[PDB]
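Structure record follows, encoded as structure tokens.
All Cβ positions, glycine included, derive from the backbone under ideal geometry; neighbour counts span all protein chains shown. Throughout, read-outs are computed from the coordinates displayed, never taken from laboratory work.
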Amino acid sequence: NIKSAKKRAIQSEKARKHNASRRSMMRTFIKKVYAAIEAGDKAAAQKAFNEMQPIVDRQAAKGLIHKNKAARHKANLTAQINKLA
Amino acid sequence: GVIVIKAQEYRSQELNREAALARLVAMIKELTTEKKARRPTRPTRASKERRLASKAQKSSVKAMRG
Amino acid sequence: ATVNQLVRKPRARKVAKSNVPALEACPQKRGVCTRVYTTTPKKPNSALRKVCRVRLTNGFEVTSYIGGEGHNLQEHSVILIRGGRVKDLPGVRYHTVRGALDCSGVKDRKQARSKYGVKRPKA
Amino acid sequence: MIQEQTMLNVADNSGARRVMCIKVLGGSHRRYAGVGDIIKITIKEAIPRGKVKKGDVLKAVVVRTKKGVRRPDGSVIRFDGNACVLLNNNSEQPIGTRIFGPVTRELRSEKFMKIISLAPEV
RNA sequence: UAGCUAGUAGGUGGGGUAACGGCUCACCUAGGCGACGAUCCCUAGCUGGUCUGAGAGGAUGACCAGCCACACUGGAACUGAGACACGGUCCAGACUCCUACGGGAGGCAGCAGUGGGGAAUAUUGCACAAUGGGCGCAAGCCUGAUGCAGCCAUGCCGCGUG
RNA sequence: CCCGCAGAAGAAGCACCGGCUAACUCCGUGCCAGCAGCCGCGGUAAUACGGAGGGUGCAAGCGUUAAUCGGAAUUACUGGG
């Protein structure tokens, strides 16, 4: 099995950990958002939300995130924030 | 083939002695007898009897050509 | 014909049984062919039909007829089997093909040479 | 250090699982058995498609001992099990191929170098 | 083969996927399915069609074509438009291979070929001429797909042996 | 594919032949040996066994075995008791 495709493994592993770092980064901001949600402070949560807003978009446009999930997160949270308003 | 016999049914030597005889020589005799012959047995009159069953059937079965 | 239960229970078509349990889809089978002997036909006949017990490659043990006026079988020397009854020996349902793997064809035959596996004498 | 009726485990892929000592070869009235020695054993547990069956008797050489073996310096290597590998009952040839679990360094005895080559560690 | 089932039946809400959904959880409700056959067991890839038959039907599904499924066994995920993947990777397992005994390699249900099994089924051939696919504005470049030759009367058809 | 050279030169076996089912006699072994899809043939004139000649059928194939359907209204709805 002497093939040049063996480079596609090491190349992909570089991309694997790269997206991996980007993935948990998103979850952290969600937990940052959910933190204030546990507290109930709307302004703090609003601050938490407005800080990750520009981040999720630059990850949505980067190709790692499809538009749907990006739009979905902005929906549920903000509506729930109105509950904690 | 070490043929071993043990005799315990008696008190004296001579009786345990003679009992060992038949337990050996007769046991030798019984283990030597075998089947012999007679096979096969041939039909004597069936070779005559069956003739009727064939000719009676052949003669009667002649109702064919139309 | 009381079509009501016909819908409840359709016309149960009987399954077509076999005649050669040697092995379906397999026209022929090889066997070690042990036990070489001869028996006697049924009531209407009188002869000495030579037969053999055959252990199949399928694990089965069948009895077949040795067709010919001269054989060279030795309780071994694998042969080939085929379907076909004789209506003379109750129990047999297979024929043994002369001119087989390890069983020569009959010697000194002229007619039906395609049968008995005997090669046509061109000389 | 193995003796009579000691239940061992097979380290090869021969087909056995649970063996039992029926006799330690070599030397008259010898009691124990070193980690790199041979003993007559039997099969008390085997897999369905194994090359050998239950109740069969043949030779085998031990490899791992819970008592372990010492070293020329003084250090010792104990195991958490007692294992062995099957041999040819008349030619000493190891019938099993894939050996599991590490073996000893002292077994560089040429007749087991075959085993050491297929041995995983040590 | 007579009762079967408990994320199983549904609702609310969080989460989750490209997207609907017990897809996944928390709570409430105890229901749902079953003689028009459930569950359980065995068997089998499906269809267009193919063989036969007056028809209705019975059998079959190699090959030409479309769909699904698998890639040594089983499990998993990443990358990516798209796989949770034949000629990628990681783990476990089984069976082989090399050795420098440290430490690594291997997956023909791809084309040929090999052993075995079996009643029985072929060359370890030539080339991108042709059609098609992959990169590029373009030129070229690659392909045992494919196009051909060979082995065999296996079948269909045709002619000859005056 | 088309054209020329050429000795009629280099090119035929297989099954069956009692009825079903086209197609026969003689000799040999004599319920022995053997044939057979079916019924059955064979005990010294065997058209069925074996050989020979002749005949019939088919054809670069011919027989045998295996498989499905049909015949089979022997699963009958078409179309049975």
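With each run of n ≥ 4 DSSP H residues scored as -39500 (n - 2.57), what mean residue ellipticity at 222 nm is computed for chain C after dividing by its residue count and rounding to the nearest 500 deg cm²/dmol?
Details: 1 runs with 6 residues, N = 123.
The helix contribution divided over chain C gives -1000 deg cm²/dmol.
Mind checking B:45-52 for the average number of partner chain beta-carbons within 10 Å of each residue's beta-carbon?
Details: counts 0, 2, 1, 0, 0, 4, 1, 0.
Mean partner shielding for this stretch: 1.
As a check on your grasp of the helix formula, calculate [θ] at 222 nm for chain D: sum -39500 (n - 2.57) over DSSP H runs of n ≥ 4, divide by the residue count, round to the nearest 500.
Numbers: 1 runs with 6 residues, N = 122.
Value at 222 nm, helices only: -1000 deg cm²/dmol.
What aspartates and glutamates could a cross-link reach from C:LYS122, if we take a straight Cα to Cα line under 20 Å and drop same-chain neighbours fewer than 8 places away?
C:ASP108
Going down the list D:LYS54/D:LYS114; A:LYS32/A:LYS83; D:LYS23/D:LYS114; D:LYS40/D:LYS114; A:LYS47/A:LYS83, which pairs span over 22 Å between their C-alpha atoms?
Details: D:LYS54/D:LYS114 26 Å; A:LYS32/A:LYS83 18 Å; D:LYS23/D:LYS114 24 Å; D:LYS40/D:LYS114 20 Å; A:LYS47/A:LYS83 16 Å.
Going by Cα-Cα distance, D:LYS54/D:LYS114; D:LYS23/D:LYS114 fall outside the 22 Å limit.
Students often check this: by mean Cβ neighbours within 10 Å, which of D:43-51, A:65-73, B:30-38 ranks highest, and how do the rest follow? Walk me through the numbers before you get to the answer.
On the way: D:43-51: 14.3, A:65-73: 12.7, B:30-38: 6.3.
Ranked by mean Cβ neighbours within 10 Å, highest first: D:43-51, A:65-73, B:30-38.
Averaged across C:43-50, how many Cβ atoms of other chains sit within 10 Å of each residue's Cβ atom? Intermediate results must be reported in sequence, preceding the final value.
On the way: counts 4, 5, 2, 6, 0, 0, 0, 0.
Mean inter-chain Cβ contacts per residue within 10 Å come to 2.
Beyond 33 Å, what share of the Cα-Cα pairs of the protein assembly as shown is found? Please give it as a whole percent.
The share of Cα pairs beyond 33 Å in the protein assembly as shown comes to 75 percent.
Dipole of chain C (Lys/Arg Cβ +1, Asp/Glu Cβ -1, origin at the Cα centre): which of C:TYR94, C:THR63, C:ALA16 lies farthest to the positive side?
Projecting each Cα onto the dipole axis, the largest value belongs to C:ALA16.
Taking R0 as 35 Å, what's the FRET efficiency between D:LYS111 and D:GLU45 from their Cβ-Cβ distance, rounded to 0.05? Write down the numbers at each step before the final one.
Numbers: r = 27 Å, r/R0 = 0.77.
In this case the efficiency is close to 0.85.
Determine the distance separating the Cα centre of segment A:38-85 from the Cα centre of segment C:98-123; give it in Å without decimals.
First find each Cα centre; the distance between them is then 93 Å.
Quickly rank A:50-57, C:26-33 as a protection proxy: mean count of other C-beta atoms within 10 Å, highest first.
Ranking, from highest mean packing down: C:26-33, A:50-57.
Quick one: Karplus J couplings for segment C:82-90, per residue in order, coefficients 6.51, -1.76, 1.60, θ = phi - 60°, nearest Hz, x for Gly and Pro?
With the stated coefficients, segment C:82-90 comes to 8, x, x, 8, 10, 6, 10, 10, x Hz.
Out of C:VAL51, C:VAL78, C:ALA112, whose Cα points farthest toward the positive end of the dipole of chain C (charges: +1 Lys, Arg; -1 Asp, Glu; placed on Cβ)?
My answer, from the dipole projection, is C:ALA112.
Considering only Cα-Cα distances, which of the following residue pairs are longer than 18 Å: B:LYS6/B:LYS35; C:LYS29/C:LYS119; A:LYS31/A:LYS74; C:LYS14/C:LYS87?
On the way: B:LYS6/B:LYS35 30 Å; C:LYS29/C:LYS119 22 Å; A:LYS31/A:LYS74 14 Å; C:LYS14/C:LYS87 26 Å.
Beyond 18 Å: B:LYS6/B:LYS35; C:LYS29/C:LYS119; C:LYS14/C:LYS87.
Please check which bits of segment C:1-43 a label hung off B:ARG39 would reach, taking the label as a point 7 Å along Cα-to-C-beta and the cut-off as backbone N under 17 Å.
Within reach of a label on B:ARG39: C:35-40.
For chain C, I need the span (max minus min coordinate) of the C-alpha atoms along each principal axis, in Å, sorted largest to smallest.
73, 34, 31
Pop a pseudo-label 7 angstrom from the Cα along the beta-carbon direction at both A:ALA5 and C:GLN74 and give the gap in nm to one decimal.
5.7
Sorted by mean Cβ packing within 10 Å, highest first, what order do the peptides B:15-23, C:92-100 take?
Going by the mean number of other Cβ atoms within 10 Å, highest first, we get C:92-100, B:15-23.
Under a 5 Å amide H to amide H cut-off, with H placed in plane at 1.01 Å, what residues pair with C:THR39 once short-range neighbours are removed?
C:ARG49, C:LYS50, C:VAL51
I'd like the GluC sites (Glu not before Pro) in segment C:31-123 restricted to DSSP loop residues with at most 15 other Cβ atoms within 10 Å, sorted by number. Mind dumping the intermediate values first?
Numbers: sites: C:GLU61, C:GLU69, C:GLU75; in loops: C:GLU69, C:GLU75.
Here the sparse-neighbourhood loop sites are C:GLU69, C:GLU75.
Quick one: go through segment B:1-18 and flag any residue whose amide nitrogen is under 17 Å from the point 7 Å out along the Cα-to-Cβ line of B:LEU24.
Inside the label zone: B:1-10, B:13-18.
Considering only DSSP beta bridges whose two residues both sit in chain C, what percent are antiparallel, to the nearest 5? Mind dumping the intermediate values first?
On the way: 17 of 20 bridges.
About 85 percent, rounded to the nearest 5.
Net charge within 11 Å of C:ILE66 by Cβ-Cβ distance, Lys/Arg positive one each and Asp/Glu negative one each, not counting C:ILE66 itself?
Working: positive: C:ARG49, C:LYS50, C:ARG98; negative: C:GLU69.
My count for the surroundings of C:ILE66 gives +2.
Work out the FRET efficiency for C:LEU23 and C:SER114 from their Cβ-Cβ distance, taking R0 = 25 Å, and round it to the nearest 0.05.
0.55
How far apart, in nm, are the 7 Å Cα→Cβ label points at A:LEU84 and A:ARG72?
For the pair A:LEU84/A:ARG72, the computed spacing is 2.1 nm.
How large is the translational diffusion coefficient of segment D:45-92 in µm² per second when you combine the Kirkwood radius over alpha carbon pairs with Stokes-Einstein at 20 °C and 1.002 mPa s?
Numbers: Rh = 13.0 Å.
For the chosen part, D equals 165 µm²/s.
Stokes-Einstein at 10 °C, 1.306 mPa s, Kirkwood radius from Cα pairs: D for chain A in µm² s⁻¹? If you can, show how the numbers build up before the last one.
On the way: Rh = 14.7 Å.
The Stokes-Einstein estimate is 108 µm²/s.
With +1 on the Cβ of every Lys and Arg and -1 on the Cβ of every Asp and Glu, and nothing else charged, how large is the dipole of segment D:1-96 about its Cα centre, in debye rounded to the nearest 20?
Values: 18 positive and 8 negative charges, 42 e Å.
Here the size comes out at about 200 debye.
About the Cα centre of the protein assembly as shown, what is the dipole size in debye to 20, counting +1 per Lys and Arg Cβ and -1 per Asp and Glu Cβ, all else neutral? Write down the numbers at each step before the final one.
On the way: 90 positive and 29 negative charges, 635 e Å.
Dipole magnitude for the protein assembly as shown comes out near 3040 debye.
Cα-based Rg (one decimal) and Dmax (whole number) for chain D, in Å?
Gyration radius and largest Cα-Cα distance of chain D: 13.5, 45 Å.
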